[PDB]
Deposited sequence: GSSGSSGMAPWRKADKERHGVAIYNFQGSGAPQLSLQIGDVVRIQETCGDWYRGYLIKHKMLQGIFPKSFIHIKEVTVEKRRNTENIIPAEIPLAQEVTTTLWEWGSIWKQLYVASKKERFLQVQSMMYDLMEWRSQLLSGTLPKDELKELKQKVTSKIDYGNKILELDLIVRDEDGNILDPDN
């Protein structure tokens, strides 16, 4: 009797805690921090794909994955910051190459602020009133940033 592949129940999403170099398909190599959707498991292995590259699918060790979730408002807000940071990051590099110094710097500071605030949001260390003021500073910077970079204008959630 060999370990059969079965649907992954509560282990739906995870993040790689180390770089996993696979030996090629069916194994999916992972870089630390990669977020994956886990579809099945069999023994000490998961089968799934990279959330940001769903075409890249395969198996990887359970040991290289930390199971997380993907409800308190600060959580989805934290998620919006992550998504926002990736979109700004791409444009930030183009600002760099074209030497648009003012915009480059402005975007650089907004990214550091958002990363820091997101970390504060996820810390669970802020008292109620302060947290509310922090959420507002976050949504305001996301919206302003999206505006000057000419990205899609988000609507409260």
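- Where C-alpha coordinates are absent, the deposited sequence of this PDB chain has the segments 1-6, 77-87, 175-184.
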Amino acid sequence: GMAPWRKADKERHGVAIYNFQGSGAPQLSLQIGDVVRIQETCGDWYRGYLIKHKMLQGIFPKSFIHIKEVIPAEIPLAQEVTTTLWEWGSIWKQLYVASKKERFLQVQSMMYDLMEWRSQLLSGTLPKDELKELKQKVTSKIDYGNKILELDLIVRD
From here on, numbers count along this sequence of modelled residues.
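- As listed in the deposited structure, the average C-alpha B-factor of 139-147 and of 7-15 is greater for 7-15.
- Taking the PDB entry as given, 121-129 carries the higher mean Cα B factor of the two stretches 44-52 and 121-129.
- When the C-alpha B-factors of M110, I91, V97, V70 are ranked from the entry, the top spot goes to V70.
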